[PDB]
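Below: one protein chain in two forms, given as structure tokens, structure 1 then structure 2.
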Structure 1
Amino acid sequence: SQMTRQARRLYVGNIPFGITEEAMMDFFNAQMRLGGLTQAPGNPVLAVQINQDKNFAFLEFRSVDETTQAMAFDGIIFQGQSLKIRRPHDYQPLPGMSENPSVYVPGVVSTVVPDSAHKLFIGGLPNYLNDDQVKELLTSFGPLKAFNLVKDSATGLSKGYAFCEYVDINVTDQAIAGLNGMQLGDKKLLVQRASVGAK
């Protein structure tokens, strides 16, 4: 419908280079069904519009509720990349309709890493590591609540630093002990709570 369109669309950032609108649609339609989020027969995603030069897509869904549920996919890995799923900036919650997803997608780690006591900074990462591989490095210590690898906005190349938050606050110091000061060729990892060196 006309009034609900703003509540039926999502921004998806950090998309794989060269991805087609059809490949993106198939990915989300399958994940929605496999995750138990699809609320009827047929495809929940109606269309995808990609901006190739700017590296983002907008999904359009058939229903308000399926759009909300799909927010739970924020951080899902697609061709090595953490998809950044967000509301359009002009989105306004409707009356009687929920704002936040009610389901959890197993193994999907949010990209939203708020400043907090145990948010970690990881600097000095080799730039050839993609989001998936950096996430795996950190997951070795324990499950993550949130993670983002910082990329150049124009080229898509990793800038070699990331932020994360472990589910268990006590894993923070274990990751620091295991990674801080690790030498990788010309780089030396700096792993510390992000508050220590933030601007």
Structure 2
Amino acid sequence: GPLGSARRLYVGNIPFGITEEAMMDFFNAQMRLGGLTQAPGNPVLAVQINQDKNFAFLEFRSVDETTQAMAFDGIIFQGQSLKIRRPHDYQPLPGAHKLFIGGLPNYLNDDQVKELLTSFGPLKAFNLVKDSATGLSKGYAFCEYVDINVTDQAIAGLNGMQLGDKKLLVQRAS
């Protein structure tokens, strides 16, 4: 989800011919050799490879273990020195591009509000706040966009928008 990119690493300079399973076994082995796991089992859940551009992505079962694996930068695999880095969309500070949406008309439902937000692009997370004892909107919501670079384009567009009877507040929830 949001934390998805806190559970992945980029791996460059991979050796010719190597398969996804062989990479998986190698990294699991190294994590156990160095005592870097936080529970029994295998930290790496999956591996995707681009053979043509000689790179792969690793996906881990946890955030703490993903961080630990960073210490393997420069490690040797079938003769070659691997390059380990964070994804370009890694969020050092999590939830920093989460938005608060305030001053919505109380009659508007989940999908209607979503439809206002998604004109700037797709969402990874969305919730509208309601009274559970009635089902009625309290008039605010929260969201995060798939592509965090769209965030500021959406604030510029929506903050202050006249929605019939009311004026929207749209800002980073912080």
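When a residue number appears, read it as a position in the sequence of structure 1, where counting begins at 1. Only residues modelled in both forms are compared. If you superpose the two forms and keep the largest set of C-alpha atoms that fall within 1.5 Å, you have the rigid core.
Fitting the two forms on the rigid core leaves the C-alpha of residue 174 displaced by at least 2 angstroms between the two structures. With the core held fixed, the Cα of residue 185 is displaced between the two structures by 2 Å or more. The Cα position of residue 143 differs by 2 Å or more between the two structures after fitting on the rigid core. Core-aligned Cα shift between the two structures at residue 67: this is 0.2 Å.
Legend: core-fitted overlay between the two structures; highlighted in sequence order are 94-96, 117-195, the runs of at least 3 consecutive residues with CA shifts of 2 angstroms or more.
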